[PDB]
Amino acid sequence: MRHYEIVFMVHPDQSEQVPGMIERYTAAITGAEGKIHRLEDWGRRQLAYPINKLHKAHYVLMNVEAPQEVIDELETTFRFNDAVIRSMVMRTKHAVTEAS
Amino acid sequence: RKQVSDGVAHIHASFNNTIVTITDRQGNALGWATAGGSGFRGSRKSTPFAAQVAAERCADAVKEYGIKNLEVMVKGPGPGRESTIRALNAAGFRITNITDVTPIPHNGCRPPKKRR
Amino acid sequence: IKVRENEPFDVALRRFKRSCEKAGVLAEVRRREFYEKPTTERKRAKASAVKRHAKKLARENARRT
Amino acid sequence: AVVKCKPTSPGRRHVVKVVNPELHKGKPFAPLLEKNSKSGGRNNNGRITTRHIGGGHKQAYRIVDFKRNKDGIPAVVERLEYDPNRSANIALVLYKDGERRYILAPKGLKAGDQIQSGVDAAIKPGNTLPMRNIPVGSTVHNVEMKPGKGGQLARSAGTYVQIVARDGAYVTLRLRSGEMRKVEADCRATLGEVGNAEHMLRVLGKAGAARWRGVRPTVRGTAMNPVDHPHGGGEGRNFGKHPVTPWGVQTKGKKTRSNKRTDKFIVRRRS
Amino acid sequence: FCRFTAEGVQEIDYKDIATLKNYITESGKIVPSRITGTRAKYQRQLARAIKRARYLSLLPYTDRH
Amino acid sequence: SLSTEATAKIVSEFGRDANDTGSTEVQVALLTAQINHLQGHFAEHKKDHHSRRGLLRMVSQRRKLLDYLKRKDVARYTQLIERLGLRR
RNA sequence: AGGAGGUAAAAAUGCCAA
RNA sequence: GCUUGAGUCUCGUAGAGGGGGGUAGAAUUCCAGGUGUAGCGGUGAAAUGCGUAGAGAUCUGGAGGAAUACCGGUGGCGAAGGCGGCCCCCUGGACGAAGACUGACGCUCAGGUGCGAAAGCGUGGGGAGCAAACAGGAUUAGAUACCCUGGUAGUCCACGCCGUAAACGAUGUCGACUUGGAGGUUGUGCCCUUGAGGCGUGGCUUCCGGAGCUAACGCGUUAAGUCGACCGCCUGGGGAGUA
């Protein structure tokens, strides 16, 4: 299909409840037969500028491949989730796993 | 009259005039002085010497608070940029650091077409 | 912007203003944009820099100084 | 869509009408109809209270739903129906158990679109939820003031309300007048804006087209006699009387807001 | 003279800011290519990686936050 | 896009073989596959005048080939347009 | 060799032909 | 018939090409307040204006619109007009290498049709900033101007219309041929990648300059050189691109 390089920051209070979210998204794509290749967790790291006056947040890295239907509903799950702040999706540019 | 150790000086050196203000660490304005109130009017108000004597009228009226060490914030090019800091390196104030907060935009809010 | 020169500096040492922009830049953004003169005043300034190069290796002029 | 007509006759010249192919072209759904006694603007004493009203053409009240109490029950839009009582258009909906009901139409609503209400519903125009599950900055319509009363705001044709901010136990709404108002955060609101946005573009065209809307000819005050209006009289269209109502109260800028019971909720006066 | 990954092949990445902080300045702006000596291909590719990394707050915009 | 999957069925359906990607009948079937395809693209936009010019080249490229084929090989010319449903 | 900042209050007209 | 002109297909590269939908920071203005005190603002100077009803300066918070610093460059792209934060979706066009195919399918173009900056016009939204008109202050012999303070249309968005510009490398389009040099940009091959390479081979672009040409200035392999094919137009200045 097409690869996508997803990052999304989440609210640092919901890092207590973060890994159950990641299994919903990874079963959304793998249930739609798209594969994942990375699952890199950057963790609770310090920001450089205060997004919503909030300091340090938690970062997730995906680097997955999926058909274009799965990402559009994925954006809405990132749109309506006040645990998640400032998500991002990029285009194919064929992917493999590295780069901590 | 409430004494304080650490203050902050805001220096606003606009082209026509420079207005200095010494505040606290939390933005509550302790006192201020300006180059229009320092006797000079117009042309003489546009002078680095008028800027240096403006902070000397702000060197007092902060003596009720007794600030020893202070930060310095500058904004605006003016003539008053590298003059009022020399109005405090003689006036006995431990300058911790000097920063600059000149409001550079990122290309918004179109400027005027000023004088031809 | 930010300078400390940490403990015994005793004097301004403020190279940092012309080191990046902050004197020269807002005496440019402060007025008329023209939308066109930015193409025009880049034309001659780039024309001058090639004329600056035109006399660099053409320094083989004698004049008997 | 919005069409213009060709000047075959004077009165057919300036007429512009909206026409809509997806409107149901038959009888309305019979058991959701009552009658409605047209009054002519008179009340139980029998005097004219609101002037310039009366006549036109018979109508039939369609009981629309406003409360949207069916929760956890998906439903299916049957067809978009014309409604002469509203200014919007309505939709006959079929709930999954079998009930048929009338709701206002969101603008992005085709026949066959599946909606749901309650609290479990998703953000999709046609759904109703209590406004703390609705994310801040959304566009809702048909929102009620009291928690469960009905819906009174943004229910005319092509109107909407932007949710400004959720202030804990309350929520701030900017109405269509340009007025920011607090409502209780546990009120229902239907997502998306009302359809029939081209109602604004409609021009009647002839005097009789106003008549069958039920209105009557407004006589302007300066033609009446001085016993009949505060203006009026003279010898050739005089004036000079600081324009008022027919009961001698200043119009053209004179505020009549005197409530004192809802100033708890009005954040900013409209402008 | 002192160029970069043109023979050291890269696909310049916006996540590893350790190489990205070399080509920003101390004030938080993107350095010109004419001083760093990078090629025009691998300097447009990196300024894209800066504005990406500015969006994730890995690098500031200037300081005023 | 008219993908490598999409075109490979068209060159097999019309060519002398799969290596015959150059014929007049192959190119016209490539154009009408794409001219019909962008009719969905040029409905919602209707104001993208830039990429519309690339369609008008694909139209005019098709028109010049049919006038060549009609001048050349009339039996296949009246074979193609009823295999495609075009020409007015 | 490279580079930065600063630098004018208004001020009109003079016949026709040689 | 044929392949060298045109065209297709395969693998890829580069890009402010276009349309649509999101999204982010800096800044201005505004709104509510905290601290705080007499000016601020502007200018050649001043005044109008603003401010003790508490401004301006400063701090926190909120709203709103518009534009995208740095990168950024006689850099890239597009037929031209034009196009600049970032992300997605739909989508045009160019280019490169080694092969394959069709077989002159080509060039140009009156009328015709399409696109076409800015300003205008229409409807419905939007309105921070900026600013025709307009008002006030100065200036001046006068100043219905520059300058100052304001400030509506307008600029913004969606959809129609207008169809003009110093719409300009003031240079129609296509092809072939004829010394060089220094760069920019984007491919690609080979060689020792052995290090910012070495030698080529393509596309595009900037400057200089020879023969030649030109009234001269200057153009000068991207011609204004040497020719070929079509098209547009000119015939003293005004009157007039007007009736």
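Chemist: Would you mind showing me how to read the nonpolar core here?
Modeler: Buried together is how nonpolar side chains tend to be arranged in soluble globular proteins. One finds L20(E), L56(E) and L59(E) to be the most contacted residues of the largest nonpolar core, which totals 23 residues. Mapped onto this core, the elements with two or more residues apiece are β2 (7–10) and β4 (57–61) of chain A together with α1 (17–20) and α3 (41–55) of chain E. It is α3(E) that provides the largest number of residues to this core, a total of four residues. Excluding residues that lie within four positions of it along the chain, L20(E) makes contacts with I12(E), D13(E), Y14(E), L46(E), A49(E), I50(E), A53(E) and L59(E). In this structure, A9(B), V20(B), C58(B) and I67(B) belong to the second largest nonpolar core, which totals 20 residues.

Chemist: Sorry if this is basic, but what is going on with the interface of chain B and chain C here?
Modeler: You'll often see interface size given as the accessible area lost when the parts meet. Contacts between the two partners involve 21 residues from chain B and, on the opposite side, 19 residues from chain C. Between chain B and chain C, a total of about 1,900 Å² is buried, with carbon and sulfur atoms accounting for 52% of that surface. Three residues stand out in chain B for area buried against chain C, namely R81(B), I98(B) and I104(B), and they jointly supply 23% of the buried area on that side. Scanning the region where chain B abuts chain C turns up three salt bridges.

Chemist: How do you make sense of the sheet that holds strand β16 (residues 266–268) of chain D when you look at a structure like this?
Modeler: Strand pairing in a sheet is mediated by backbone hydrogen bonds. Such pairs are either parallel or antiparallel. Residue and element names in this part refer to chain D. Within the open sheet, the seven strands sit side by side as β10-β15-β11-β12-β13-β14-β16. Their pairing is antiparallel. Lying at the two open borders of the sheet, with one neighbouring strand each, are β10 (128–130) and β16. When strand polarity is set aside, the average angle formed by the axes of neighbouring strands in this sheet is 45°.

Chemist: What's the story with the protein's contact with RNA strand G in this structure? I'm lost.
Modeler: Residue and element names in this part refer to chain C. Every residue close to RNA strand G is listed here: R18, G24, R52 and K56. The share of sugar and phosphate among atoms of RNA strand G within 4 Å of the protein is 78%. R18 has a polar side-chain atom sitting 3.1 Å from a sugar or linking oxygen of RNA strand G. Contact distances for RNA strand G include 2.8 Å between a phosphate oxygen and a side-chain N or O atom of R52. Taken together, the residues that form the surface near RNA strand G break down as no nonpolar, one polar and three charged.

Chemist: Explanation requested: the packing of helix α1 (residues 18–31) of chain A against helix α2 (residues 68–79) of chain A in the structure shown.
Modeler: Between two packed helices, both the angle of their axes relative to each other and the distance between the axes serve to describe the pair. Residue and element names in this part refer to chain A. The contact between α1 and α2 brings their axes to 10 Å, and the two run at 165°. Considering their axes alone, α1 and α2 lie roughly antiparallel with respect to each other. Considering the relative orientation of α1 and α2, their crossing is right-handed. For the pair formed by α1 and α2, the contact residues are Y25, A28 and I29 on the first element and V70, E73, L74, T77 and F78 on the second. Looking at side-chain class alone, the contact of α1 with α2 contains six nonpolar, one polar and one charged residues.

Chemist: What exactly am I supposed to notice about the sheet that holds β2(A) here?
Modeler: Residues and elements named next belong to chain A. The four strands are arranged β3-β4-β2-β6 in an open sheet whose pairing can be described as antiparallel. Looking at which strands have only one partner, the edges of the open sheet turn out to be β3 (41–45) and β6 (84–88). Going from strand to strand, the sheet's axes swing by 15° on average, the running direction of each strand aside. Relative to β6, β2 runs antiparallel, the two sharing four bridges.

Chemist: How do you make sense of the protein's contact with RNA strand H when you look at a structure like this?
Modeler: Near RNA strand H you find 98 residues, and of these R2(A), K45(B), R42(C), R44(E) and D48(F) are the closest. Close to the protein, within 4 Å, the atoms of RNA strand H belong to sugar or phosphate groups at a rate of 78%. Contact distances for RNA strand H include 3.1 Å between a base oxygen and a backbone N or O atom of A29(B). Looking at the surface near RNA strand H residue by residue, the class counts come to 28 nonpolar, 37 polar and 33 charged.

Chemist: Quick question: what am I supposed to make of the side chain of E65(A) here?
Modeler: Residue and element names in this part refer to chain A. The topology assignment puts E65 in strand β5 (residues 64–66). Here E65 is buried and forms no salt bridge, its nearest opposite-charge partner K35 lying at an N-O distance of 5.5 Å. Here the side chain of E65 touches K35 through a polar contact of 2.8 Å, landing on its backbone nitrogen. Setting aside residues no more than four positions away along its own chain, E65 makes contact with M1, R2, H3, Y4, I29, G34, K35 and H37.

Chemist: I'm lost on the packing of helix α1 (residues 4–14) of chain F against helix α2 (residues 24–44) of chain F in this one. Help?
Modeler: Residue and element names in this part refer to chain F. Between α1 and α2, the shortest axis-to-axis distance is 9 Å and the interhelical angle comes to 140°. With respect to their mutual orientation, α1 and α2 come out oblique. By crossing handedness, the relation of α1 to α2 is classed as right-handed. Where α1 abuts α2, its residues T7, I10, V11 and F14 lie against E25, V26, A29, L30 and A33. Residues belonging to the contact of α1 with α2 are distributed by class as follows: seven nonpolar, one polar and one charged.

Chemist: Honestly, the packing of aromatic side chains in this entry has me stumped. Any pointers?
Modeler: Here a ring pair, both rings aromatic, is described through the centre-centre distance and the interplanar angle of the planes. All told, the structure shown has six aromatic pairs over all chains when counted by the stated rule. A ring pair is formed by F4(E) and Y23(E), whose centres lie 5.3 Å apart and whose planes are at 80°; its orientation type is edge-to-face. Here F4(E), found in the segment before α1, pairs with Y23(E), found in the loop between α1 and α2 (33–36); they are 19 residues apart in sequence, far enough to count as distant. Using a relative accessible area of 29% as the deciding quantity, one classes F4(E) as partly exposed. The structure contains a cluster of three or more aromatic residues connected by ring pairs, namely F8(A), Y25(A) and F78(A). The side chain of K70(D) reaches across the aromatic face of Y95(D), ending 5.7 Å from its centre. When the ring centre of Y14(E) is taken as reference, the NZ or CZ atom of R52(E) above it lies at 5.9 Å.

Calculation criteria
- Residues numbered from 1 in each chain as written, not as in the entry; some residues may be left out.
- Chains lettered and ligands numbered in written order.
- Part of a larger assembly, values for the part shown.
- Heavy atoms only, no water.
- Core = buried A, V, L, I, M, F, W, Y, C linked by side-chain atoms within 4.5 Å.
- Buried < 20%, exposed > 50% of the residue type's maximum accessible area, 1.4 Å probe, protein only.
- Helix = DSSP H or I, 4+ residues; strand = E, 2+ residues; numbered from the N terminus.
- Contact = heavy atoms within 4.5 Å.
- Buried area = accessible area lost by both parts, 1.4 Å probe.
- Salt bridge = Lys/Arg side-chain N within 4 Å of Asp/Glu carboxyl O.
- Pairing = 2+ DSSP bridges.
- Axes fitted to C-alpha atoms, helices over the stretch in contact; angles between N-to-C directions.
- Near = heavy atom within 4 Å.
- Polar contact = N/O pair within 3.5 Å; in protein donor to acceptor, adjacent residues only side chain to side chain.
- Nonpolar A, V, L, I, M, F, W, Y, C, P; charged D, E, K, R; others polar.
- Parallel < 35°, antiparallel > 145°, perpendicular 65-115°, else oblique.
- Left-handed = near helix turned anticlockwise from the far one by under 90°.
- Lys, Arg positive; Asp, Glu negative; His and termini not counted.
- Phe/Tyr/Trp six-rings, centres within 6.5 Å; stacked < 30°, edge-to-face > 60°.
- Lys NZ or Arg CZ within 6 Å of the ring centre and 35° of its normal.

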